[PDB]
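Trainee: Once you've seen the sequence and the experimental structure below, I've got questions.
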Amino acid sequence: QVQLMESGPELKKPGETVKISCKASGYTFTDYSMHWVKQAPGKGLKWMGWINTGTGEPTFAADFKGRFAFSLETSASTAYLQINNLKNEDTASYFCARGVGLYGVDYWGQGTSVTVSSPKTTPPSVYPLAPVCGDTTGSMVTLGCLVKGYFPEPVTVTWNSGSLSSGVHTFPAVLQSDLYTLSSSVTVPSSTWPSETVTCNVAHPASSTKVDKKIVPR
Amino acid sequence: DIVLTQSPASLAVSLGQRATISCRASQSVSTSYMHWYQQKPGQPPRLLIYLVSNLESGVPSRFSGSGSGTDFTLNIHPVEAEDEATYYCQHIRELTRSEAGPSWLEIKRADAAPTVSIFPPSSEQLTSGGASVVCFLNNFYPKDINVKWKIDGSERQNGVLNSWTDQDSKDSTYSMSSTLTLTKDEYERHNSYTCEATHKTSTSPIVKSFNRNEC
């Protein structure tokens, strides 16, 4: 049972440094190289380099030279990746992967997300969104919940404490002024609302806030 | 300096069908030394083929690897629902290791027009001096869609943010949210707000709109 386990997610500010660990189990650490790969959130996989396991020597791709470091602690079968002078475009997931020489890489670690930004922890404003005239088609009616200006992610948005899963669309957050916003819509038959209560719930564990906004007709 | 091109960018499939994903190298008779990886959202890649013809130890025998030097293919003899994912092909022949831009494998369904919904600023956001107009375009297929905002019949591009979901787990549709954020003060100097989508399912834009003066 081969396994590559990486350290947890990290939030850093520009100019800081981060070090990411990758621990190998179930095989002889020194018999395989170790590679590192960067994925941007959009975006296709990009190789950063590799480290000789036996000699503890880094090789870097040209685009990853001088601000990145590979290191080892052989006795503990872990490899490290360290990024210096963190810049905004270092926001990404970073993977370690076991090298099989001319055949590339075979096992992958679960990945470590890295976020670089200057905002401070901020709780969201939560806005109920009640329908207007054309927001009914046929039997159904669509209601919304807008969650604006928080940091960091995640937020958990549910509807009536999760009992209303069936017709929900919750959208990924996008940045705005180095803060995040997401939206969520829920569609229900026009004969349950507003006769039956519909409430969106937002939890933001980084700021210890939990808020409910009932959607009330305009 | 060794590009690897994958086609197509996206592939819509029904299960039981045999799909072929193609890959091409720009240089070398990069010999075999080509690998395929499968990645599902929020997960690390998992290996499928090593040297372009061998299955790694756990992958089902429906997965097949073929081709040499400049052309390679990954083949699924009858696609299954659990095979929905992105597929990357990489070449280990030369350094630096390079991966191709992936191929997305999506489930095919019947085409569906967006259900469109528009929401004016909440009164709580108005009292803070902000004004976001939000538009939901829900449960459409295929995924390609273009949305424009119009303020009193004039198109607006600044202040617009969009998010989209991936393919839904039951209906297999896609959904999208588009938000026009304004100051309260520019918001109340205009009358009509409209989002309109262009989509394959319709020959006219799909319009939703409200007018602050029509009550």
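Mentor: Perfect, I can see it now. Residues are numbered from 1 along each chain as shown, chains lettered A, B, ... in the order given.

Trainee: Quick check, the residue in chain B closest to chain A?
Mentor: Going by Cβ to the nearest Cβ, chain A is nearest to residue B:92 of chain B, at 3.4 Å. C-beta here means a position set from N, CA and C on the backbone, and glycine is covered the same way.

Trainee: can you count the residues close to that residue?
Mentor: 23 (other Cβ atoms under 10 Å in any protein chain shown).

Trainee: isn't it right up against residue A:102?
Mentor: Yes - using Cβ atoms under 8 Å, residue B:92 is in contact with residue A:102, at 5.6 Å.

Trainee: Now the common contact residues for the two.
Mentor: Common neighbours of residue B:92 and residue A:102 (criterion: Cβ atoms under 8 Å, 6 or more residues apart in numbering or on different chains): residue B:33.

Trainee: For the residue of chain B closest to chain A, which non-adjacent residue is spatially closest?
Mentor: Leaving aside its sequence neighbours, residue B:92 sits nearest to residue A:104 (Cβ to Cβ, 6 or more residues apart in numbering or on different chains; 3.4 Å).

Trainee: which residues touch that neighbour?
Mentor: B:33, B:35, B:50, B:90-92, B:97.

Trainee: Could you pull up phi and psi at it?
Mentor: Backbone geometry at residue A:104, expressed as degrees, to the nearest 10, gives phi 90, psi -130.

Trainee: repeat for residue A:102
Mentor: According to degrees, to the nearest 10, residue A:102 has phi -60, psi -20.

Trainee: Correct me if wrong: it contacts residue B:95.
Mentor: No - judged on Cβ under 8 Å, residue A:102 makes no contact with residue B:95 at a distance of 10.4 Å.

Trainee: Max pairwise distance over the contacts of residue A:104: which two?
Mentor: B:50 and B:97 (13.5 Å; Cβ to Cβ).

Trainee: how is chain B carved up into domains?
Mentor: Residue ranges for the domains of chain B, per curated CATH domains: B:6-108, B:109-212.

Trainee: what distance separates the start and the end of the shortest one?
Mentor: This points to domain B:6-108. Domain B:6-108 has an end-to-end distance of 20 Å (Cα to Cα, to the nearest Å).

Trainee: Same check on the last one?
Mentor: Using Cα to Cα, the span of domain B:109-212 from its first residue to its last is 38 Å.

Trainee: do it and chain A meet at all?
Mentor: Yes - against chain A, domain B:109-212 shows contacts by Cβ under 8 Å from any Cβ of the partner chain at B:115, B:117-122, B:124-125, B:128, B:130, B:132, B:134, B:136, B:138, B:161-165, B:175-177, B:179, B:181, B:208-210.

Trainee: quick check, distance from that domain to the centre of its chain.
Mentor: 18 Å (Cα atoms, centre = their mean, to the nearest Å).

Trainee: So what pairs up with the residue nearest to residue A:134 when sequence neighbours are not counted in the strands?
Mentor: Using Cβ to Cβ, 6+ apart and skipping the chain neighbours, the partner closest in space to residue A:134 is residue B:208 (5.6 Å). According to DSSP bridges, the residues that bridge with residue B:208 are residue B:195.

Trainee: Count residues in the vicinity of residue B:208, would you?
Mentor: 22.

Trainee: Domains of chain A: list them as residue ranges, please.
Mentor: Split by curated CATH domains, chain A gives A:1-118, A:119-215.

Trainee: how much distance is there from the longest one to the middle of the chain?
Mentor: It stands for domain A:1-118. How far domain A:1-118 lies from its chain's middle: 17 Å, per Cα atoms, centre = their mean.

Trainee: end to end, how far does it reach?
Mentor: 41 Å.

Trainee: Also the last one?
Mentor: Domain A:119-215 stretches 30 Å from its first residue to its last (Cα to Cα).

Trainee: Run the chain-centre distance for that domain.
Mentor: Centroid separation for domain A:119-215 versus its chain: 20 Å, with Cα atoms, centre = their mean.

Trainee: Point me to the residue of chain A nearest chain B.
Mentor: Closest point on chain A to chain B, by Cβ to the nearest Cβ, is residue A:104, at 3.4 Å.

Trainee: who's the residue nearest the centre of chain A bridged to?
Mentor: Closest to where the C-alpha atoms of chain A average out (Cα atoms, centre = their mean) is residue A:113, at 6.1 Å. Residue A:113 forms beta bridges with residue A:93, as assigned by DSSP bridges.

Trainee: residues contacting it?
Mentor: Neighbours of residue A:113 in contact, by Cβ under 8 Å, 6+ apart: A:9-10, A:92-94.

Trainee: next one: residue A:203
Mentor: A:155-157, A:209-210.

Trainee: ok, 6 Å please
Mentor: Applying Cβ atoms under 6 Å, 6 or more residues apart in numbering or on different chains, we find residue A:203 in contact with A:156, A:210.

Trainee: How about residue A:141?
Mentor: Neighbours of residue A:141 in contact, by Cβ under 6 Å, 6+ apart: A:131, A:190, A:193.

Trainee: returning to that earlier point: Produce a PyMOL select command limited to the buried residues of the contacts of residue A:113.
Mentor: A single PyMOL command selects the buried members of the contacts of residue A:113 (16 or more other Cβ atoms under 10 Å in any protein chain shown):
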select buried, chain A and resi 92+93+94
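
Trainee: which one of the contacts of residue A:113 sits closest to residue A:35?
Mentor: Using Cβ to Cβ, the contacts of residue A:113 come closest to residue A:35 at residue A:94, 11.1 Å.
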